[PDB]
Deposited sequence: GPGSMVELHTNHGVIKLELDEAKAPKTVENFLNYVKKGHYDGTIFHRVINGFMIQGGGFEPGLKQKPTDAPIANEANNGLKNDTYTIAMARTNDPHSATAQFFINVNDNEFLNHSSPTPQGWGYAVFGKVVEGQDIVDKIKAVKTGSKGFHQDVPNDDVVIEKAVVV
């Protein structure tokens, strides 16, 4: 019964179920970007098979879309970075997440919160893919640069919508 978002990519729809009970600020922030139209015309700019696919920040040509103020890290919510979960990207600053997200395509234990420290904070999970797992599986396997991890052919989020 979480909020639902569809990412309409150029490879098909990825449908997300979000967990606002466990990640309230993170889900609010994500839905704000969806409703603002932020993700529309962004790409998955970092694709690493066996690891994760990251997007929602850059337009084709790697032009970064402006974002709003960063949010606090909710990675202490107990949700793990397991296959098909969605989490927030960030810099080494734990409280730096804005728009960019990633979908885990493995059980990425090393991304999980252990403590509220610079090394331990981890990456905040706020939902999971409930339909279009096959689309995620296709995206993770595209050819990428060695340019490093950037898909040779753009993987575009054409529209993100709340459903």
Task: Deposited-sequence ranges lacking C-alpha coordinates, in sequence order - done: 1, 148-150
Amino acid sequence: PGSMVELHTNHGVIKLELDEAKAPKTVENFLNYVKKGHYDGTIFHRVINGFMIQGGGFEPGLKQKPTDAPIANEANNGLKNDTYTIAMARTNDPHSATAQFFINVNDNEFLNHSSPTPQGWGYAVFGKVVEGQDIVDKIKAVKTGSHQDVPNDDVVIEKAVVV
From here on, numbers count along this sequence of modelled residues.
- [ ] Pick between 150-158 and 15-23: the one whose mean CA B-factor in the entry is higher.
- [x] 15-23
- [ ] Give the stretch, out of 55-63 and 129-137, with the larger mean C-alpha temperature factor in the deposited entry.
- [x] 129-137
Task: Out of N81, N92, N77, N73, highest CA B-factor residue - done: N92
Task: Chain third (lowest, middle, highest) by recorded CA B-factor, residue given as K36 - done: highest
- [ ] Would you check the entry's CA temperature factor for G122 and let me know if it's in the chain's lowest, middle or highest third?
- [x] lowest
Task: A69 - which third its CA temperature factor falls in, relative to the rest of the chain - done: highest
Task: Assigned third (lowest, middle, highest) for the C-alpha B factor of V47 - done: middle
- [ ] Taking the chain's C-alpha temperature factors as the reference, tell me which third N104 falls into: lowest, middle or highest.
- [x] lowest
